[PDB]
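Student: This is the structure, below, for whatever I ask next.
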Amino acid sequence: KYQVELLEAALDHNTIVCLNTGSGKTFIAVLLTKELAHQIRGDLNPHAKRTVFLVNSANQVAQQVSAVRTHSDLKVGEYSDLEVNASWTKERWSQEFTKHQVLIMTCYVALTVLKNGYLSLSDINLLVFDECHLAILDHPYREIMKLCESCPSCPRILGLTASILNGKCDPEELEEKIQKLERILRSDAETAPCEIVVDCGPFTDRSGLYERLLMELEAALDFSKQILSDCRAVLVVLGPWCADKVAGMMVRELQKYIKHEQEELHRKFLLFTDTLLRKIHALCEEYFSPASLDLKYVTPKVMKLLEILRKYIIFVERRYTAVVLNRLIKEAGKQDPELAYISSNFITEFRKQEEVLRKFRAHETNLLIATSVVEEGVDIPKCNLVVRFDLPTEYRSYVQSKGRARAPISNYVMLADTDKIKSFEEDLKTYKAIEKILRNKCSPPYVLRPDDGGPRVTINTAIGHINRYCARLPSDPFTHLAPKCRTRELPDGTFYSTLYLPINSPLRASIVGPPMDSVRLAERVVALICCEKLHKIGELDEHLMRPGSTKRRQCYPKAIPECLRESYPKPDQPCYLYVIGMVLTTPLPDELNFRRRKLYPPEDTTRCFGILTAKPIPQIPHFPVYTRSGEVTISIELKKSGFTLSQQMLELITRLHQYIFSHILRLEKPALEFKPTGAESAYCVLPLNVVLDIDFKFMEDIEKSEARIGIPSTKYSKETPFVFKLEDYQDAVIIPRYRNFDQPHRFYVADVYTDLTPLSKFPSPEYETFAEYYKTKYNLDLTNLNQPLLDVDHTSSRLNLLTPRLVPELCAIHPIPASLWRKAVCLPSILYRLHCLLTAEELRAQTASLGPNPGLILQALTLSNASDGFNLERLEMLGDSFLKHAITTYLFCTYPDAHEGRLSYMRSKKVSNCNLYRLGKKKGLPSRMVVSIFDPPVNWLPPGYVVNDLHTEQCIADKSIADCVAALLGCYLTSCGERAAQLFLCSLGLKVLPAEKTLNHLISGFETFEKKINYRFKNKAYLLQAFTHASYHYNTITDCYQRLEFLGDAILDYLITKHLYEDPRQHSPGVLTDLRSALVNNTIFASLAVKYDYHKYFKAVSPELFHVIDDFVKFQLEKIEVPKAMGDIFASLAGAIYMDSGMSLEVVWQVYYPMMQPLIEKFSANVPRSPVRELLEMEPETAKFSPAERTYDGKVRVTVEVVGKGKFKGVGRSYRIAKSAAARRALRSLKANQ
């Protein structure tokens, strides 16, 4: 919290902050400017003050301009050209001063204006001196400050500097420097592990090879030069084997550089340099095995390293040193097996640069070797053992380095030679003095219930309890929640403390306590009061603190509606008659009439079928059956009622009813056995002939017939031969008497080929006439050889009509006509759809007791597996959106005291697929679903037929029940409305229904954003609620925006899915899912937030977040980490517009549609394929994804293996995100390789 406290102090009093890099300079500059922006902005000349950023030179005057223009709405004037501003005059100076709020100008032009006298220091409020250290010398800044000293009222000077604390005599010089700076700037000064000197003993080679190396190296100096320097350094460090490895790499690369050399003279000098370098290459006689050592010739530095490793970040100077060190580390790990903790790695055109990034990603290796450039710019993980072969030549290096050793029991060791230790001691003592002076300049145990209650508390652990409560609150990696307090020193000596808890906790009040004499007592008593209030308001506790999966499958009973049970017409009870009306409303297009045969209209037939239903059945909608003639609109309509029948009449009815499904359609599977009185359903189907009437005479005509079962006998003789009575075959169904015995195949009479006769030509070459064909193949002694023959056509074998896809005397005539035959072949689909529609009507009225249409409920009950014309996907999407919306709104309006973490947990458990499965099962939904494909011979069960399982049971997965519940919710939302959907959710059992001035100068500056988005808030507190962050501790009126984010995201997901659903283009499920994932992505939200200037009004104190937002905003202006916070504020502002508009959605969609419009238009013109689906479709067999791999840091890793092409890995906060990243990486590689 050092940076935050520096900002607090800067806000309290004049401060000379001492940043270590310019990034922090610009950060504290813009941040304080925004804090005082309320004092800056104005509309009246005397009531308006301006900030001036005096810059040293003319080059640094654009970086601050950019920073303030980007991260703030303030307009920034720049006056950098010295001569051109010297040519200016009194008139325009005031003009420009009024034309800008933030002025950035050179010290020369600064003193120039001052002497002229146009802008007074009284009107300036923030005077930020860049590089203010120059005020010790005769820089203009001294005159400007002296003039300020001559002014009674002076701005809040914030000297900014980075050239302090870098001197050699700092123990005194730095003291006098700060003293002088404070005496001139008239301001204060504020700025923002143990040392183990390690002694290294001497070591020398017995043979003296080392001195020989110096000798030959020195001789070369007498007489390219770059490699000479490199060699000496590496050789000095250690044993000759690694040195020779480095020398080998040098010679290898030099043999190439010589060839690449451009100067022949240098080429010659470099060849002589090879002649010099090969001395090491030849000296191999002076040393022994490099793979069979015994630590006899190693360098003592490595000996010390090895001893330290055995007992248990290494900053290096030259690359070769790091390389050899890493090499010998693994070598010793192999040589000695007791170094179990040994695990090394090393660090230091564009191609090589890319590798460094991957090497950094392997930072989990405990021992990370690196060069001296690792001291700044990297957020190296926590290390417990820092080994430094060298010593810090510079104070800032010592400080920055020793900082990294952040371990509860840390060891910051520093290797030094025995003689050098004196110098190291002196230097570190000087540095210690420097750091000391710098830091100096900156500087009744409760019990719930004595009998049991909770463990015995102690006074010294209360603050610990409050600190772990602050740690248990939620936060992101860019924020840090810690308690605040200020000892209220009193002249009496008894001072109290006031705990300001984090901005996310419910206790937004000052938890003051009584005053005590000592700090410890005060702190522990205030922590005690805090624990009390927290356990009282409902935070602390007495302790002082698979279903729904696709794999699960079961077989449920089918649901024959409760309107067809025991409805068998009885003689002593009234009965209802219902005609099955049929009309052909869509004849086949002739272009598609590949059969080239005319159509038979069913409506033009006096004879039809009806249902004699005893118990009345609720009306259902007319539906279409696709027949050979096209589409027939079926409709069950009432004709008569209140008529009884005789016992023998009902017997006739039953025998004919079984005849229809046992001899005509051949739906008598051996598994079944007729049982009207015994079945679940027992209604009867009877013909109806316009006289409508049952036409009992027709039934008796078809019953007395001697052809009922099996072809009868014919009448072909010599005295009374057969005759061609064309009237008897004008509308007939024929049964060949010469083939298919015992299993006849029936045909129609398409026409009569009067032009063709038994003696006429025969199509097959084997015979010349039909008479010959019979006489030869079947040996049929036809008693007549002259007659007109009959054209034929087959009788449709197919019975799933739900969706689109001959010699007279030798064949008998079926008693029933062909029109009734086709009308009967249409029957099974009719009965199946009747069953389904009635089940839907029941599931409609049971929940309604107005309501949704039974056909749309049927669409909600049909899974995709059925391959029917209807499917579940679209309703699923919409319903899931609604569900999330509803749950979130309810949890946010009913539990105002819980934080986003608990709300998220509860919501994710209520909307989980297991809960929806349980809810659906409670309502019996799995018994009402059409999963199977219609196949009447296999899965159907005709009326009045029992099985004496595929018929009665069905297999459904729990996820399908969840899908069904969501789809019914979608149906109710798309038909009845939102209130109906809400009450249906509560019907399944999901209870989804039942400072003034601080605000003024905190909201000030949003009067332009309100205009940009064309919305003015009623209660301005919602703006602050949205544009806040968990680190904006200066905001005490409202809490953090995370709870608003929670509701906002759900609102924008429902709005976008609703818009995509009600689009005339009627996108398919895949397109809908893809667009949903594309528009509901955080990255897109951040892109839009940055585009519409949301970043200008955000408010957070985290510096890292500031830098990330800077990168992302610049990137979006030109057109890589996307800051989640920007998309989060986008969602939060959506939630705020929803909460401030009296709980309305239209307001949100009229404030956000003008922004998201272009994106949806583009993505609907070119749907972006999902990267995961695209990779699975591009490489379904070779691309395989590993299961979720949890990383040590808590993230999720995913590996994808493309067999024969490579392996790719991804990391993300979730499996889906990591999988998407892995798939994108593979696709980009595959597409680049292809």
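FYI, residue positions are counted from 1 along the chain as it appears here.
Quick check of the header: electron microscopy, 3.8 Å.
Note that Cβ sites are derived from N, Cα and C of the backbone, with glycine treated the same way.
Pasting the feature list from Swiss-Prot:
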- 6-182: domain 'Helicase ATP-binding' (DOMAIN)
- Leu19, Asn20, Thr21, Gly22, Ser23, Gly24, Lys25, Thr26: ATP binding site (BINDING)
- 130-133: motif 'DECH box' (MOTIF)
- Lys1124: site 'Important for activity' (SITE)
- 1167-1232: domain 'DRBM' (DOMAIN)
- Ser1186: phosphoserine (MOD_RES)
Student: What is the separation, in Å, between the Cα atoms of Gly24 (ATP binding site) and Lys1124 (site 'Important for activity')?
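Tutor: Just about 22 Å between their Cα atoms.
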Student: In the deposited model, 12 residues lying between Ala192 and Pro193 are absent; what is the Cα-Cα distance separating these two residues, in Å, to the nearest whole number?
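Tutor: Logged value, Cα of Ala192 to Cα of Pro193: 17 Å.
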Student: Using the Cβ center of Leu19, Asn20, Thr21, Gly22, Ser23, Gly24, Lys25, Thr26 as the ATP site position, which other residues in that chain lie within 8 Å, going by their Cβ?
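Tutor: Close Cβ neighbours, site residues excluded: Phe27, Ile28, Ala162.
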Student: Would you mind reading off the Cα separation of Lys25 (ATP binding site) from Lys1124 (site 'Important for activity'), to the nearest angstrom?
Tutor: 24
Student: Given the recorded positions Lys25, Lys1124, which one is most crowded in terms of C-beta atoms within 10 angstroms?
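Tutor: The residue with the densest Cβ neighbourhood is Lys25.
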Student: Among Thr21, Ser23, the binding-site residues in question, whose Cβ has the most other Cβ atoms within 10 Å in this structure?
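Tutor: Answer returned by the neighbour count: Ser23.
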Student: Counting only residues 6+ away in sequence within the same chain, which have a CB under 8 Å from the CB of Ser1186 (phosphoserine)?
Tutor: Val1198, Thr1199, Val1200, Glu1201
Student: Round to the nearest Å and tell me the distance between the Cα atoms flanking the 20-residue gap, namely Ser443 and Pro444.
Tutor: 32
Student: Taking DSSP states H, G and I as helix and E and B as strand, how many residues of the motif 'DECH box' (130-133) are helix, strand and coil?
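Tutor: Helix (H, G, I), strand (E, B), coil: 2 helix, 0 strand, 2 coil.
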Student: Spanning 57 missing residues, the endpoints are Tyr312 and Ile313. What is the Cα distance in Å?
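Tutor: Roughly 14 Å, rounded to a whole number, separates the two Cα atoms.
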Student: Going by DSSP, give the three-state secondary structure for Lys1124 (site 'Important for activity').
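Tutor: It is helical.
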Student: Could you tell me which of these binding-site residues, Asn20, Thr26, has the greatest number of Cβ atoms within 10 Å of its own Cβ?
Tutor: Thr26
Student: Could you tell me how far apart, in whole Å, the Cα atoms of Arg805 and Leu806 are, given that 29 residues between them are missing from the model?
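Tutor: Across the gap, the Cα atoms of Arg805 and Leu806 sit 29 Å apart.
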